[PDB]
Each structure stands twice: as C-alpha cells, then as structure tokens.
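Enquirer: Structure file structure.txt, compact mmCIF, N, CA and C atoms and all ligand atoms, is pasted below:
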# COMPACT_ATOMS: atom_id res chain seq x y z
N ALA A 1 -12.74 -8.30 -3.78
CA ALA A 1 -11.63 -7.64 -3.11
C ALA A 1 -12.18 -6.64 -2.09
N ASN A 2 -11.33 -6.31 -1.13
CA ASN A 2 -11.72 -5.37 -0.09
C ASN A 2 -11.26 -3.97 -0.48
N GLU A 3 -12.14 -3.01 -0.27
CA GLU A 3 -11.84 -1.62 -0.59
C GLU A 3 -10.53 -1.20 0.07
N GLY A 4 -9.73 -0.46 -0.69
CA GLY A 4 -8.45 0.01 -0.19
C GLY A 4 -7.38 -1.07 -0.32
N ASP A 5 -7.69 -2.08 -1.12
CA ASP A 5 -6.77 -3.18 -1.33
C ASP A 5 -5.94 -2.92 -2.58
N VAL A 6 -4.69 -3.36 -2.53
CA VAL A 6 -3.79 -3.17 -3.66
C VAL A 6 -3.51 -4.53 -4.31
N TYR A 7 -3.46 -4.51 -5.64
CA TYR A 7 -3.21 -5.72 -6.39
C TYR A 7 -2.03 -5.53 -7.35
N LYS A 8 -1.16 -6.53 -7.38
CA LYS A 8 0.00 -6.49 -8.25
C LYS A 8 0.12 -7.82 -9.00
N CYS A 9 0.70 -7.73 -10.19
CA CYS A 9 0.88 -8.91 -11.02
C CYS A 9 2.32 -9.41 -10.85
N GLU A 10 2.55 -10.62 -11.33
CA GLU A 10 3.87 -11.22 -11.24
C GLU A 10 4.53 -11.28 -12.62
N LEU A 11 3.69 -11.17 -13.64
CA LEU A 11 4.17 -11.21 -15.01
C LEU A 11 4.47 -9.79 -15.48
N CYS A 12 3.41 -9.07 -15.79
CA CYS A 12 3.54 -7.70 -16.26
C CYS A 12 4.16 -6.87 -15.13
N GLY A 13 3.77 -7.20 -13.91
CA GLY A 13 4.28 -6.50 -12.74
C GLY A 13 3.51 -5.20 -12.51
N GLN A 14 2.28 -5.17 -13.01
CA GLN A 14 1.44 -4.00 -12.86
C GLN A 14 0.80 -3.98 -11.47
N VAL A 15 0.76 -2.79 -10.89
CA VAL A 15 0.18 -2.62 -9.57
C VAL A 15 -0.94 -1.57 -9.64
N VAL A 16 -2.08 -1.95 -9.09
CA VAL A 16 -3.23 -1.06 -9.09
C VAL A 16 -3.93 -1.14 -7.73
N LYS A 17 -4.76 -0.15 -7.46
CA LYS A 17 -5.50 -0.10 -6.21
C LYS A 17 -6.98 -0.39 -6.48
N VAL A 18 -7.67 -0.79 -5.42
CA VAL A 18 -9.09 -1.10 -5.53
C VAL A 18 -9.90 0.03 -4.89
N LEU A 19 -10.17 1.05 -5.69
CA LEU A 19 -10.94 2.19 -5.23
C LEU A 19 -12.36 1.74 -4.90
N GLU A 20 -12.90 0.90 -5.78
CA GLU A 20 -14.25 0.40 -5.60
C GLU A 20 -14.33 -1.07 -6.03
N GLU A 21 -14.57 -1.93 -5.06
CA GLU A 21 -14.68 -3.35 -5.32
C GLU A 21 -15.82 -3.63 -6.30
N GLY A 22 -15.66 -4.71 -7.05
CA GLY A 22 -16.67 -5.10 -8.03
C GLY A 22 -16.78 -6.62 -8.13
N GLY A 23 -17.89 -7.06 -8.71
CA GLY A 23 -18.12 -8.49 -8.87
C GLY A 23 -17.47 -9.01 -10.16
N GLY A 24 -16.18 -8.70 -10.29
CA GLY A 24 -15.43 -9.13 -11.46
C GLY A 24 -13.99 -9.47 -11.09
N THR A 25 -13.21 -9.80 -12.11
CA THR A 25 -11.81 -10.15 -11.90
C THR A 25 -10.90 -9.14 -12.61
N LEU A 26 -9.74 -8.92 -12.01
CA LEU A 26 -8.78 -7.99 -12.57
C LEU A 26 -7.75 -8.76 -13.39
N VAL A 27 -8.10 -9.00 -14.65
CA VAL A 27 -7.22 -9.72 -15.55
C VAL A 27 -6.12 -8.79 -16.04
N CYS A 28 -5.00 -9.39 -16.43
CA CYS A 28 -3.87 -8.62 -16.92
C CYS A 28 -2.88 -9.59 -17.58
N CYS A 29 -2.36 -9.17 -18.72
CA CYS A 29 -1.41 -9.98 -19.45
C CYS A 29 -1.96 -11.41 -19.54
N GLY A 30 -3.07 -11.54 -20.25
CA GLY A 30 -3.70 -12.83 -20.42
C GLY A 30 -3.62 -13.66 -19.14
N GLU A 31 -3.68 -12.95 -18.01
CA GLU A 31 -3.61 -13.60 -16.72
C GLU A 31 -4.58 -12.93 -15.74
N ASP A 32 -4.35 -13.18 -14.46
CA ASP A 32 -5.19 -12.62 -13.42
C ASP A 32 -4.30 -11.99 -12.34
N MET A 33 -4.26 -10.67 -12.35
CA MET A 33 -3.46 -9.94 -11.38
C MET A 33 -3.54 -10.59 -9.99
N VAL A 34 -2.52 -10.34 -9.19
CA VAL A 34 -2.47 -10.89 -7.84
C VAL A 34 -2.84 -9.80 -6.83
N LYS A 35 -3.18 -10.24 -5.63
CA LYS A 35 -3.55 -9.32 -4.57
C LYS A 35 -2.46 -9.31 -3.50
N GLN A 36 -2.22 -8.12 -2.96
CA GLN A 36 -1.20 -7.96 -1.94
C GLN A 36 -1.80 -8.27 -0.56
N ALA B 1 -1.76 4.65 -19.58
CA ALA B 1 -2.52 4.88 -18.36
C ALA B 1 -1.85 6.00 -17.55
N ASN B 2 -0.56 5.81 -17.30
CA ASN B 2 0.20 6.79 -16.54
C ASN B 2 -0.21 6.72 -15.07
N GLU B 3 0.77 6.47 -14.22
CA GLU B 3 0.53 6.38 -12.79
C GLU B 3 -0.31 7.58 -12.32
N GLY B 4 -1.16 7.31 -11.34
CA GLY B 4 -2.02 8.35 -10.80
C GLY B 4 -3.37 8.38 -11.52
N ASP B 5 -3.51 7.48 -12.49
CA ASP B 5 -4.74 7.40 -13.26
C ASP B 5 -5.62 6.29 -12.67
N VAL B 6 -6.93 6.49 -12.80
CA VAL B 6 -7.88 5.52 -12.30
C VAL B 6 -8.71 4.98 -13.46
N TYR B 7 -8.93 3.67 -13.42
CA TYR B 7 -9.71 3.01 -14.47
C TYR B 7 -10.91 2.27 -13.87
N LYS B 8 -12.02 2.35 -14.59
CA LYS B 8 -13.24 1.69 -14.14
C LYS B 8 -13.57 0.55 -15.10
N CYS B 9 -14.47 -0.32 -14.65
CA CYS B 9 -14.89 -1.45 -15.46
C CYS B 9 -15.97 -0.98 -16.43
N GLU B 10 -16.71 0.03 -15.99
CA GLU B 10 -17.78 0.58 -16.81
C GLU B 10 -18.93 -0.42 -16.91
N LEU B 11 -18.86 -1.45 -16.08
CA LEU B 11 -19.89 -2.48 -16.07
C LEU B 11 -20.29 -2.78 -14.63
N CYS B 12 -19.54 -3.69 -14.02
CA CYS B 12 -19.81 -4.07 -12.64
C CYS B 12 -19.76 -2.81 -11.77
N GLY B 13 -18.82 -1.94 -12.10
CA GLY B 13 -18.66 -0.70 -11.36
C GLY B 13 -17.40 -0.74 -10.49
N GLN B 14 -16.39 -1.43 -10.99
CA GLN B 14 -15.14 -1.56 -10.27
C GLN B 14 -14.18 -0.43 -10.67
N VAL B 15 -13.61 0.20 -9.66
CA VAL B 15 -12.68 1.29 -9.89
C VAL B 15 -11.33 0.95 -9.24
N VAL B 16 -10.27 1.15 -10.02
CA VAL B 16 -8.93 0.87 -9.54
C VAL B 16 -7.98 1.97 -10.02
N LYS B 17 -6.82 2.02 -9.39
CA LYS B 17 -5.82 3.01 -9.74
C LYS B 17 -4.57 2.31 -10.28
N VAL B 18 -3.87 3.01 -11.17
CA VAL B 18 -2.67 2.46 -11.76
C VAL B 18 -1.45 2.94 -10.96
N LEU B 19 -1.13 2.18 -9.92
CA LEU B 19 0.00 2.51 -9.07
C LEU B 19 1.29 2.39 -9.88
N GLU B 20 1.37 1.31 -10.65
CA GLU B 20 2.54 1.06 -11.47
C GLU B 20 2.13 0.43 -12.80
N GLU B 21 2.17 1.24 -13.85
CA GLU B 21 1.81 0.77 -15.17
C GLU B 21 2.76 -0.33 -15.63
N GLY B 22 2.21 -1.29 -16.37
CA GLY B 22 3.00 -2.40 -16.87
C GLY B 22 2.64 -2.71 -18.32
N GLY B 23 3.15 -3.84 -18.79
CA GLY B 23 2.90 -4.26 -20.16
C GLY B 23 1.68 -5.19 -20.24
N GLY B 24 0.63 -4.78 -19.54
CA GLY B 24 -0.60 -5.57 -19.52
C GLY B 24 -1.83 -4.66 -19.58
N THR B 25 -2.97 -5.28 -19.84
CA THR B 25 -4.22 -4.55 -19.93
C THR B 25 -5.17 -4.96 -18.80
N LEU B 26 -5.84 -3.97 -18.24
CA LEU B 26 -6.77 -4.22 -17.16
C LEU B 26 -8.11 -4.68 -17.74
N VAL B 27 -8.43 -5.94 -17.48
CA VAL B 27 -9.67 -6.52 -17.97
C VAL B 27 -10.60 -6.80 -16.79
N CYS B 28 -11.89 -6.64 -17.04
CA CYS B 28 -12.89 -6.87 -16.01
C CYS B 28 -14.21 -7.22 -16.70
N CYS B 29 -14.82 -8.30 -16.23
CA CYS B 29 -16.08 -8.75 -16.79
C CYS B 29 -15.91 -8.92 -18.30
N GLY B 30 -14.89 -9.68 -18.66
CA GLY B 30 -14.61 -9.93 -20.06
C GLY B 30 -14.64 -8.63 -20.87
N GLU B 31 -14.26 -7.55 -20.21
CA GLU B 31 -14.25 -6.25 -20.85
C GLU B 31 -12.93 -5.53 -20.55
N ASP B 32 -12.60 -4.59 -21.43
CA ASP B 32 -11.37 -3.82 -21.27
C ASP B 32 -11.66 -2.56 -20.45
N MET B 33 -11.28 -2.62 -19.19
CA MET B 33 -11.49 -1.50 -18.29
C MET B 33 -11.33 -0.17 -19.03
N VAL B 34 -12.17 0.78 -18.65
CA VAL B 34 -12.14 2.10 -19.27
C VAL B 34 -11.32 3.05 -18.39
N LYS B 35 -10.90 4.15 -18.99
CA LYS B 35 -10.11 5.14 -18.28
C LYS B 35 -11.01 6.31 -17.89
N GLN B 36 -10.89 6.71 -16.63
CA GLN B 36 -11.68 7.81 -16.12
C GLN B 36 -11.14 9.15 -16.63
ZN ZN A 101 -0.16 -9.39 -15.52
ZN ZN A 102 -16.23 -5.66 -14.08
Using the file provided, produce a representation of the structure as structure tokens.
Expert:
Amino acid sequence: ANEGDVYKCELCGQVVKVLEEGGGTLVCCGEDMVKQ
Amino acid sequence: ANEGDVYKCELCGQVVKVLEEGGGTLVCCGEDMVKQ
C-alpha cells in the first residue's frame, strides 16, 4: 500500500489508515480489508 | 481500539490508524496487530 492510503472493509466496515506501509496484508473479519 | 488509535504489526513494521472501528480484527503477517 502507499503511505497516506486509507483502507476500508465491506463486511465489518472497518476503516483504517496506512501510516506506514508494510510487506503484509490487512486482514479483517476472516477477510482482507479493501483499499480506497 | 477506539477511533484515533493507531495499531502496528509489530513484525513487518506496518502502522495503521483506526478511522472507524468495526466488528473485525486487524491481522498482519498471520499476526494480530498490536496497539500502540
Ligand atoms: Zn472486514
Ligand atoms: Zn505485518
């Protein structure tokens, strides 16, 4: 992900920001959050 | 988590913010993101 990017889910509907990108995935609710 | 909170992976080194808390857990690198 790109720094300053926001990610939201479609299930849980959780929204978080990407303060610091990493070589991993942002899982959520036995799923994988979405990116805006 | 409470909005305004930031969570890290504590592994890869990914940092994100909880813009909107939901009914899900932030996972990264097969790990449960930690709270700063
Ligand atoms: Zn989710
Ligand atoms: Zn990670």
Enquirer: Could you please select, counting only N, CA and C atoms, the residues of chain B within 7 Å of chain A and state them as a PDB file with N, CA and C atoms, in the coordinates of the input?
Expert:
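Dumped everything to out28.pdb:
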ATOM      1  N   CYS B  12     -19.540  -3.690 -14.020  1.00  0.00           N
ATOM      2  CA  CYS B  12     -19.810  -4.070 -12.640  1.00  0.00           C
ATOM      3  C   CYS B  12     -19.760  -2.810 -11.770  1.00  0.00           C
ATOM      4  N   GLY B  13     -18.820  -1.940 -12.100  1.00  0.00           N
ATOM      5  CA  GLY B  13     -18.660  -0.700 -11.360  1.00  0.00           C
ATOM      6  C   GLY B  13     -17.400  -0.740 -10.490  1.00  0.00           C
ATOM      7  N   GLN B  14     -16.390  -1.430 -10.990  1.00  0.00           N
ATOM      8  CA  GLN B  14     -15.140  -1.560 -10.270  1.00  0.00           C
ATOM      9  C   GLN B  14     -14.180  -0.430 -10.670  1.00  0.00           C
ATOM     10  N   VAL B  15     -13.610   0.200  -9.660  1.00  0.00           N
ATOM     11  CA  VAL B  15     -12.680   1.290  -9.890  1.00  0.00           C
ATOM     12  C   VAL B  15     -11.330   0.950  -9.240  1.00  0.00           C
ATOM     13  N   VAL B  16     -10.270   1.150 -10.020  1.00  0.00           N
ATOM     14  CA  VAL B  16      -8.930   0.870  -9.540  1.00  0.00           C
ATOM     15  C   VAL B  16      -7.980   1.970 -10.020  1.00  0.00           C
ATOM     16  N   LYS B  17      -6.820   2.020  -9.390  1.00  0.00           N
ATOM     17  CA  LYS B  17      -5.820   3.010  -9.740  1.00  0.00           C
ATOM     18  C   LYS B  17      -4.570   2.310 -10.280  1.00  0.00           C
ATOM     19  N   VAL B  18      -3.870   3.010 -11.170  1.00  0.00           N
ATOM     20  CA  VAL B  18      -2.670   2.460 -11.760  1.00  0.00           C
ATOM     21  C   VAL B  18      -1.450   2.940 -10.960  1.00  0.00           C
ATOM     22  N   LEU B  19      -1.130   2.180  -9.920  1.00  0.00           N
ATOM     23  CA  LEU B  19       0.000   2.510  -9.070  1.00  0.00           C
ATOM     24  C   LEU B  19       1.290   2.390  -9.880  1.00  0.00           C
ATOM     25  N   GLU B  20       1.370   1.310 -10.650  1.00  0.00           N
ATOM     26  CA  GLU B  20       2.540   1.060 -11.470  1.00  0.00           C
ATOM     27  C   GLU B  20       2.130   0.430 -12.800  1.00  0.00           C
ATOM     28  N   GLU B  21       2.170   1.240 -13.850  1.00  0.00           N
ATOM     29  CA  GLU B  21       1.810   0.770 -15.170  1.00  0.00           C
ATOM     30  C   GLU B  21       2.760  -0.330 -15.630  1.00  0.00           C
ATOM     31  N   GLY B  22       2.210  -1.290 -16.370  1.00  0.00           N
ATOM     32  CA  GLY B  22       3.000  -2.400 -16.870  1.00  0.00           C
ATOM     33  C   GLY B  22       2.640  -2.710 -18.320  1.00  0.00           C
ATOM     34  N   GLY B  23       3.150  -3.840 -18.790  1.00  0.00           N
ATOM     35  CA  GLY B  23       2.900  -4.260 -20.160  1.00  0.00           C
ATOM     36  C   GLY B  23       1.680  -5.190 -20.240  1.00  0.00           C
ATOM     37  N   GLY B  24       0.630  -4.780 -19.540  1.00  0.00           N
ATOM     38  CA  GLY B  24      -0.600  -5.570 -19.520  1.00  0.00           C
ATOM     39  C   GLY B  24      -1.830  -4.660 -19.580  1.00  0.00           C
ATOM     40  N   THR B  25      -2.970  -5.280 -19.840  1.00  0.00           N
ATOM     41  CA  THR B  25      -4.220  -4.550 -19.930  1.00  0.00           C
ATOM     42  C   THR B  25      -5.170  -4.960 -18.800  1.00  0.00           C
ATOM     43  N   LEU B  26      -5.840  -3.970 -18.240  1.00  0.00           N
ATOM     44  CA  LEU B  26      -6.770  -4.220 -17.160  1.00  0.00           C
ATOM     45  C   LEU B  26      -8.110  -4.680 -17.740  1.00  0.00           C
ATOM     46  N   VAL B  27      -8.430  -5.940 -17.480  1.00  0.00           N
ATOM     47  CA  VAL B  27      -9.670  -6.520 -17.970  1.00  0.00           C
ATOM     48  C   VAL B  27     -10.600  -6.800 -16.790  1.00  0.00           C
ATOM     49  N   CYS B  28     -11.890  -6.640 -17.040  1.00  0.00           N
ATOM     50  CA  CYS B  28     -12.890  -6.870 -16.010  1.00  0.00           C
ATOM     51  C   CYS B  28     -14.210  -7.220 -16.700  1.00  0.00           C
ATOM     52  N   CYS B  29     -14.820  -8.300 -16.230  1.00  0.00           N
ATOM     53  CA  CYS B  29     -16.080  -8.750 -16.790  1.00  0.00           C
ATOM     54  C   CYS B  29     -15.910  -8.920 -18.300  1.00  0.00           C
ATOM     55  N   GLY B  30     -14.890  -9.680 -18.660  1.00  0.00           N
ATOM     56  CA  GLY B  30     -14.610  -9.930 -20.060  1.00  0.00           C
ATOM     57  C   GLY B  30     -14.640  -8.630 -20.870  1.00  0.00           C
TER      58      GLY B  30
END
Enquirer: As a compact mmCIF listing (two decimals) with N, CA and C atoms, in the frame of the given file, please: chain B after a least-squares superposition onto chain A using all C-alpha atoms matched in order.
Expert:
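As a result, result_6.txt now contains:
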# COMPACT_ATOMS: atom_id res chain seq x y z
N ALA B 1 -11.53 -8.65 -2.44
CA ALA B 1 -10.44 -7.69 -2.55
C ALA B 1 -10.53 -6.69 -1.38
N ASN B 2 -11.71 -6.09 -1.24
CA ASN B 2 -11.93 -5.13 -0.18
C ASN B 2 -11.19 -3.83 -0.51
N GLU B 3 -11.94 -2.75 -0.58
CA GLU B 3 -11.36 -1.45 -0.88
C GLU B 3 -10.13 -1.20 0.00
N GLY B 4 -9.16 -0.51 -0.58
CA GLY B 4 -7.93 -0.21 0.13
C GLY B 4 -6.87 -1.28 -0.12
N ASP B 5 -7.25 -2.27 -0.92
CA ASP B 5 -6.34 -3.36 -1.24
C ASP B 5 -5.69 -3.07 -2.60
N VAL B 6 -4.46 -3.56 -2.74
CA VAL B 6 -3.72 -3.37 -3.98
C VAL B 6 -3.41 -4.73 -4.59
N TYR B 7 -3.57 -4.79 -5.91
CA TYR B 7 -3.32 -6.03 -6.64
C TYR B 7 -2.26 -5.81 -7.73
N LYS B 8 -1.40 -6.81 -7.87
CA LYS B 8 -0.35 -6.74 -8.87
C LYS B 8 -0.62 -7.79 -9.96
N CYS B 9 0.09 -7.63 -11.07
CA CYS B 9 -0.06 -8.55 -12.19
C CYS B 9 0.81 -9.78 -11.92
N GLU B 10 1.90 -9.54 -11.19
CA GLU B 10 2.82 -10.61 -10.86
C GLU B 10 3.58 -11.06 -12.12
N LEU B 11 3.44 -10.27 -13.17
CA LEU B 11 4.10 -10.58 -14.43
C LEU B 11 4.76 -9.31 -14.97
N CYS B 12 3.97 -8.54 -15.71
CA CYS B 12 4.48 -7.30 -16.29
C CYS B 12 5.02 -6.42 -15.16
N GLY B 13 4.31 -6.45 -14.04
CA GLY B 13 4.71 -5.67 -12.89
C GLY B 13 3.77 -4.48 -12.68
N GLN B 14 2.51 -4.69 -13.02
CA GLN B 14 1.51 -3.65 -12.89
C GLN B 14 0.84 -3.73 -11.51
N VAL B 15 0.75 -2.59 -10.86
CA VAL B 15 0.14 -2.52 -9.55
C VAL B 15 -1.03 -1.52 -9.59
N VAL B 16 -2.15 -1.97 -9.03
CA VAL B 16 -3.34 -1.14 -9.00
C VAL B 16 -4.03 -1.30 -7.64
N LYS B 17 -4.92 -0.37 -7.35
CA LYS B 17 -5.66 -0.40 -6.10
C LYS B 17 -7.15 -0.58 -6.39
N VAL B 18 -7.83 -1.22 -5.44
CA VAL B 18 -9.25 -1.46 -5.59
C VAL B 18 -10.03 -0.34 -4.89
N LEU B 19 -10.26 0.73 -5.64
CA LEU B 19 -10.99 1.87 -5.11
C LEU B 19 -12.43 1.46 -4.80
N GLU B 20 -13.01 0.71 -5.74
CA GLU B 20 -14.37 0.25 -5.58
C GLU B 20 -14.52 -1.16 -6.16
N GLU B 21 -14.61 -2.13 -5.26
CA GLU B 21 -14.76 -3.51 -5.67
C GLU B 21 -16.07 -3.71 -6.43
N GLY B 22 -16.03 -4.60 -7.42
CA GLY B 22 -17.20 -4.89 -8.22
C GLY B 22 -17.34 -6.39 -8.46
N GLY B 23 -18.25 -6.72 -9.36
CA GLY B 23 -18.50 -8.12 -9.69
C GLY B 23 -17.66 -8.56 -10.90
N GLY B 24 -16.39 -8.18 -10.85
CA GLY B 24 -15.47 -8.53 -11.94
C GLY B 24 -14.10 -8.91 -11.38
N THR B 25 -13.29 -9.49 -12.25
CA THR B 25 -11.96 -9.91 -11.87
C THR B 25 -10.90 -9.11 -12.64
N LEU B 26 -9.85 -8.73 -11.92
CA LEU B 26 -8.78 -7.97 -12.52
C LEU B 26 -7.83 -8.91 -13.25
N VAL B 27 -7.82 -8.79 -14.57
CA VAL B 27 -6.97 -9.62 -15.41
C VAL B 27 -5.88 -8.76 -16.04
N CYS B 28 -4.71 -9.36 -16.21
CA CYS B 28 -3.58 -8.66 -16.80
C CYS B 28 -2.65 -9.70 -17.41
N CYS B 29 -2.26 -9.45 -18.66
CA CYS B 29 -1.38 -10.35 -19.36
C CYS B 29 -1.98 -11.76 -19.32
N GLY B 30 -3.23 -11.83 -19.75
CA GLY B 30 -3.93 -13.10 -19.77
C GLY B 30 -3.75 -13.86 -18.45
N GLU B 31 -3.62 -13.09 -17.38
CA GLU B 31 -3.43 -13.67 -16.06
C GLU B 31 -4.36 -12.99 -15.05
N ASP B 32 -4.63 -13.72 -13.97
CA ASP B 32 -5.51 -13.20 -12.93
C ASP B 32 -4.67 -12.46 -11.88
N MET B 33 -4.70 -11.14 -11.97
CA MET B 33 -3.96 -10.31 -11.04
C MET B 33 -3.92 -10.94 -9.65
N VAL B 34 -2.78 -10.79 -9.00
CA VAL B 34 -2.60 -11.34 -7.66
C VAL B 34 -2.85 -10.24 -6.62
N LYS B 35 -3.09 -10.67 -5.40
CA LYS B 35 -3.35 -9.74 -4.31
C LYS B 35 -2.08 -9.59 -3.47
N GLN B 36 -1.75 -8.34 -3.18
CA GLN B 36 -0.58 -8.05 -2.39
C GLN B 36 -0.83 -8.35 -0.91
Enquirer: Enter the distance from atom CA of residue 1 of chain A to atom ZN of ligand ZN 101 (chain A), in Å, rounded to one decimal.
Expert: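 Pair atom CA of residue 1 of chain A / atom ZN of ligand ZN 101 (chain A) returns 17.0 Å.
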Enquirer: Report, in Å to a single decimal, how far apart atom CA of residue 36 of chain A and atom ZN of ligand ZN 101 (chain A) are.
Expert: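 Separating atom ZN of ligand ZN 101 (chain A) from atom CA of residue 36 of chain A is a distance of 13.7 Å.
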Enquirer: Kindly reconstruct segment 13-31 of chain A with N, CA, C and O atoms and present the result as a PDB file, in the coordinates of the input.
Expert:
ATOM      1  N   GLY A  13       3.770  -7.200 -13.910  1.00  0.00           N
ATOM      2  CA  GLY A  13       4.280  -6.500 -12.740  1.00  0.00           C
ATOM      3  C   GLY A  13       3.510  -5.200 -12.510  1.00  0.00           C
ATOM      4  O   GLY A  13       4.034  -4.264 -11.902  1.00  0.00           O
ATOM      5  N   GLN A  14       2.280  -5.170 -13.010  1.00  0.00           N
ATOM      6  CA  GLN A  14       1.440  -4.000 -12.860  1.00  0.00           C
ATOM      7  C   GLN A  14       0.800  -3.980 -11.470  1.00  0.00           C
ATOM      8  O   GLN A  14       0.355  -5.010 -10.973  1.00  0.00           O
ATOM      9  N   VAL A  15       0.760  -2.790 -10.890  1.00  0.00           N
ATOM     10  CA  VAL A  15       0.180  -2.620  -9.570  1.00  0.00           C
ATOM     11  C   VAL A  15      -0.940  -1.570  -9.640  1.00  0.00           C
ATOM     12  O   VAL A  15      -0.741  -0.484 -10.177  1.00  0.00           O
ATOM     13  N   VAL A  16      -2.080  -1.950  -9.090  1.00  0.00           N
ATOM     14  CA  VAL A  16      -3.230  -1.060  -9.090  1.00  0.00           C
ATOM     15  C   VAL A  16      -3.930  -1.140  -7.730  1.00  0.00           C
ATOM     16  O   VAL A  16      -3.704  -2.085  -6.968  1.00  0.00           O
ATOM     17  N   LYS A  17      -4.760  -0.150  -7.460  1.00  0.00           N
ATOM     18  CA  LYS A  17      -5.500  -0.100  -6.210  1.00  0.00           C
ATOM     19  C   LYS A  17      -6.980  -0.390  -6.480  1.00  0.00           C
ATOM     20  O   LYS A  17      -7.445  -0.256  -7.605  1.00  0.00           O
ATOM     21  N   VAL A  18      -7.670  -0.790  -5.420  1.00  0.00           N
ATOM     22  CA  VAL A  18      -9.090  -1.100  -5.530  1.00  0.00           C
ATOM     23  C   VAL A  18      -9.900   0.030  -4.890  1.00  0.00           C
ATOM     24  O   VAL A  18     -10.257  -0.044  -3.715  1.00  0.00           O
ATOM     25  N   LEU A  19     -10.170   1.050  -5.690  1.00  0.00           N
ATOM     26  CA  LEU A  19     -10.940   2.190  -5.230  1.00  0.00           C
ATOM     27  C   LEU A  19     -12.360   1.740  -4.900  1.00  0.00           C
ATOM     28  O   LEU A  19     -12.933   2.153  -3.893  1.00  0.00           O
ATOM     29  N   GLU A  20     -12.900   0.900  -5.780  1.00  0.00           N
ATOM     30  CA  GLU A  20     -14.250   0.400  -5.600  1.00  0.00           C
ATOM     31  C   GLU A  20     -14.330  -1.070  -6.030  1.00  0.00           C
ATOM     32  O   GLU A  20     -14.168  -1.379  -7.213  1.00  0.00           O
ATOM     33  N   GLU A  21     -14.570  -1.930  -5.060  1.00  0.00           N
ATOM     34  CA  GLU A  21     -14.680  -3.350  -5.320  1.00  0.00           C
ATOM     35  C   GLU A  21     -15.820  -3.630  -6.300  1.00  0.00           C
ATOM     36  O   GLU A  21     -16.789  -2.877  -6.359  1.00  0.00           O
ATOM     37  N   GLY A  22     -15.660  -4.710  -7.050  1.00  0.00           N
ATOM     38  CA  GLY A  22     -16.670  -5.100  -8.030  1.00  0.00           C
ATOM     39  C   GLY A  22     -16.780  -6.620  -8.130  1.00  0.00           C
ATOM     40  O   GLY A  22     -15.878  -7.340  -7.703  1.00  0.00           O
ATOM     41  N   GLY A  23     -17.890  -7.060  -8.710  1.00  0.00           N
ATOM     42  CA  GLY A  23     -18.120  -8.490  -8.870  1.00  0.00           C
ATOM     43  C   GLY A  23     -17.470  -9.010 -10.160  1.00  0.00           C
ATOM     44  O   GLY A  23     -18.119  -9.653 -10.974  1.00  0.00           O
ATOM     45  N   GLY A  24     -16.180  -8.700 -10.290  1.00  0.00           N
ATOM     46  CA  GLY A  24     -15.430  -9.130 -11.460  1.00  0.00           C
ATOM     47  C   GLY A  24     -13.990  -9.470 -11.090  1.00  0.00           C
ATOM     48  O   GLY A  24     -13.621  -9.433  -9.914  1.00  0.00           O
ATOM     49  N   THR A  25     -13.210  -9.800 -12.110  1.00  0.00           N
ATOM     50  CA  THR A  25     -11.810 -10.150 -11.900  1.00  0.00           C
ATOM     51  C   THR A  25     -10.900  -9.140 -12.610  1.00  0.00           C
ATOM     52  O   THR A  25     -11.263  -8.600 -13.654  1.00  0.00           O
ATOM     53  N   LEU A  26      -9.740  -8.920 -12.010  1.00  0.00           N
ATOM     54  CA  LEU A  26      -8.780  -7.990 -12.570  1.00  0.00           C
ATOM     55  C   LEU A  26      -7.750  -8.760 -13.390  1.00  0.00           C
ATOM     56  O   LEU A  26      -6.682  -9.109 -12.889  1.00  0.00           O
ATOM     57  N   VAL A  27      -8.100  -9.000 -14.650  1.00  0.00           N
ATOM     58  CA  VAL A  27      -7.220  -9.720 -15.550  1.00  0.00           C
ATOM     59  C   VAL A  27      -6.120  -8.790 -16.040  1.00  0.00           C
ATOM     60  O   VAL A  27      -6.295  -7.568 -16.052  1.00  0.00           O
ATOM     61  N   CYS A  28      -5.000  -9.390 -16.430  1.00  0.00           N
ATOM     62  CA  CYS A  28      -3.870  -8.620 -16.920  1.00  0.00           C
ATOM     63  C   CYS A  28      -2.880  -9.590 -17.580  1.00  0.00           C
ATOM     64  O   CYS A  28      -2.620 -10.664 -17.045  1.00  0.00           O
ATOM     65  N   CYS A  29      -2.360  -9.170 -18.720  1.00  0.00           N
ATOM     66  CA  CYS A  29      -1.410  -9.980 -19.450  1.00  0.00           C
ATOM     67  C   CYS A  29      -1.960 -11.410 -19.540  1.00  0.00           C
ATOM     68  O   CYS A  29      -1.389 -12.333 -18.967  1.00  0.00           O
ATOM     69  N   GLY A  30      -3.070 -11.540 -20.250  1.00  0.00           N
ATOM     70  CA  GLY A  30      -3.700 -12.830 -20.420  1.00  0.00           C
ATOM     71  C   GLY A  30      -3.620 -13.660 -19.140  1.00  0.00           C
ATOM     72  O   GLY A  30      -3.500 -14.878 -19.182  1.00  0.00           O
ATOM     73  N   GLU A  31      -3.680 -12.950 -18.010  1.00  0.00           N
ATOM     74  CA  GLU A  31      -3.610 -13.600 -16.720  1.00  0.00           C
ATOM     75  C   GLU A  31      -4.580 -12.930 -15.740  1.00  0.00           C
ATOM     76  O   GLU A  31      -5.499 -12.225 -16.152  1.00  0.00           O
TER      77      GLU A  31
END
